[PDB]
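Input: a single structure, listed below in structure tokens.
Below, chain A is the first sequence line, B the second, and so on; all start at residue 1. The analysis underlying the following values was restricted to heavy atoms, covering all of them including side chains, and did not include hydrogens, waters or symmetry mates.
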Number of protein chains: 2
Amino acid sequence: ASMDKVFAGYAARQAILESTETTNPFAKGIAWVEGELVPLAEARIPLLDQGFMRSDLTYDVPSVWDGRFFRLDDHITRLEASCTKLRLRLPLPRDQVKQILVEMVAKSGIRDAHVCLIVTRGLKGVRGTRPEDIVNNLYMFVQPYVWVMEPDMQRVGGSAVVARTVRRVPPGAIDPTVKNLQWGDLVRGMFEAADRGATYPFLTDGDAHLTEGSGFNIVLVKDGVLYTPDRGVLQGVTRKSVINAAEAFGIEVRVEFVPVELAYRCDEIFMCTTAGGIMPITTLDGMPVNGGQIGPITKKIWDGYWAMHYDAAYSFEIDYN
Amino acid sequence: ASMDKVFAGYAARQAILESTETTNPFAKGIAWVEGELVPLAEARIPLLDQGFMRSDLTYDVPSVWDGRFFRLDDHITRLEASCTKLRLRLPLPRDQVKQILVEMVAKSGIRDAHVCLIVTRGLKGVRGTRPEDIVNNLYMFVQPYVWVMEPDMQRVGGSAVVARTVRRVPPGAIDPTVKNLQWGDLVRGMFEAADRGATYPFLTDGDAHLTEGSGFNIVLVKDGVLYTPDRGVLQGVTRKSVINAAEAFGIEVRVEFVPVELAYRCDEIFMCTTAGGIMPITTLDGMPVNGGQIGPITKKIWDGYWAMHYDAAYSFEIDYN
Ligand SMILES: Cc1ncc(COP(=O)(O)O)c(C=O)c1O
Ligand SMILES: Cc1ncc(COP(=O)(O)O)c(C=O)c1O
């Protein structure tokens, strides 16, 4: 049980960061706009950027934990794959982007962070001018680590519903493997969950199978096997990490079509995402999940995920001086 | 045939406007941000606005022609309806908003313009925040009139394809009656049309029926009757004007499910939108539409639409002094 150790470390680092605020203007976050570094709350973008006027963009969000970047290359590679699918190009060389990110994290002093990169079409749409001519825009920022499930809730588990008033945008309309900020269905899902007295929405494909939630992938546990949707979802880096850990532990993972009915007969449920890690679900549609306690396989995955944050194969330490 | 006089009047007013670009800092557009007026190219918004970070917003675009606002009340009413659907509230009273828009157009000096109003959730998302704490943001701007089809192309008609690599987002994922900037499918359709040697994409509902395109509604003409999709599309104010004109002329309009097959067997096709008006389509999937000339019913609708811009029931004159 690593929860106590992981969360006590975070609480201690948070107190040190809070002490810095009156002396460090970047302690609450730092942004890169047009090559200049500014405090996050002061960052501004042009109103006419097509990332605002058509959400014509992609983004990605690696993280820093205890001063160690977690799987940064995997996130940059995914960002480049998303850009390719949208006919965008990352505006700076990949090695230069990584040094800028490390430099931003060091200036902020933040040890537990989310690091967001956004690539937009730019100030003009393609139809007026030839594509090579158009100029894509890049925005980057570092912020204190964000929780889809707060630490004290991970100790108990959260409540979820299978959404009935909304379903996930299908891949032949918007490709969910392209990480994006067009959250119309996901925001509807969050309002529905609150209306029904629960915290998290699980969205279907509108054809009796599960996809993904408002900012996380979904994993079901049944008879010692993990199940998680293949089509219709982001290929999450936390999900990839869950697969690495399960394979090291000898637990089978099936990435395939997951019927909605399995969610009502399984042994454990958890969500996974970079903004929070491994997040247990213990009631679904108001009913306890197999008794309502956090399950043994969820616990083993939770411990294994956080151990990977100190493994040289998945992380590297930032020099803050 | 009013095309000659409508287009020649626009050309004359445009020549006057462009002559003033070095003396009038607002001749290329004016924006309202946090109560301050600025040139449109200088307008900036906070990077953390949820209208950018989640496209959590709705927008509406009323127009000014020849110094006359067209159907402004209808646009404001639609924007209020979209806000109610998204649980957003317009920040200022409607009468105040109309007064600001008139002041901005008068300051700009622009006779022909598109006026854009955007309402966003705000700096913070609802979760973890007081409902009182949440504060919706308002952005407004006036820009020179935008043409989805330029005047010279309207004289001959444009080229369209029925999209095969993308379909429209369905209403149970994102409600298309809520005017929005989540254009992922619409942008895919624009790239597909260009790849196929055409300009305009017509998107299906992914169930063998037509919806709308990348910024316009779709109207088919067959045996003296107009057909236009009911479900899955924005309820356009130009489409409403088309219906008014058809009824005055004794032409039947059916607002209903429109099978994809009718597009290959109809007598005329046109698109309609506030950014351009009535836009004929004379090539579809590389084939002439019924001989390839602009049809007679399209021509009557074209003339009737522009005549409404001088009818006091649908328009009012702006005081530029
Ligand atoms: C829609 C969606 N699905 C899944 C995820 C989880 O992806 P990752 O583990 O790479 O953060 C996210 C993360 O933000 C997300 O927004
Ligand atoms: C998606 C979409 N459909 C239809 C329309 C036409 O609506 P209106 O005639 O009200 O401008 C627009 C206009 O911008 C649009 O963006």
Over all atoms of both residues, closest heavy-atom pair of A:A31 and B:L47: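 Reported closest heavy-atom pair: CB-CD2, 4.1 Å.
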Between CD of A:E42 and CG of B:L48, what distance do you get to the nearest 0.5 Å?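 With rounding to 0.5 Å, CD (A:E42) is 11.5 Å from CG (B:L48).
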Pairwise distance CZ(A:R127) to CE(B:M190) - rounded to 0.5 angstrom: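 Here the interatomic distance stands at 9.0 Å.
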For [X], does the [atom1] atom have more than 12 heavy-atom neighbours from other residues, nucleotides or ligands under 6.0 Å away?
| X | atom1 | result |
| --- | --- | --- |
| A:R44 | CZ | yes |
| B:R164 | CZ | no |
| A:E18 | CD | no |
| A:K124 | NZ | no |

In terms of heavy-atom proximity below 4.5 Å to chain B, should [X] be classed as side chain, backbone, both, or neither?
| X | value |
| --- | --- |
| A:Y59 | neither |
| A:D175 | both |
| A:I118 | side chain |

Top contributor to chain A contacts, counting heavy-atom pairs under 4.5 Å, from [options]:
| options | result |
| --- | --- |
| B:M53, B:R121, B:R168 | B:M53 |
| B:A41, B:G51, B:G172, B:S55 | B:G172 |
| B:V33, B:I45, B:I174 | B:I45 |

For residues 193-215 of chain B, give me every residue with a non-hydrogen atom less than 4.5 Å from any non-hydrogen atom of chain A.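 Interface residues of residues 193-215 of chain B: B:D195, B:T199, B:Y200.
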Using a heavy-atom distance cut-off of less than 4.5 Å, which residues of residues 181-189 of chain B contact chain A?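 Result: B:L181, B:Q182, B:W183, B:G184, B:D185, B:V187, B:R188.
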Side-chain heavy-atom pair A:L57, B:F52 within 4.5 angstrom cut-off: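 Sidechains of B:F52 and A:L57: in contact.
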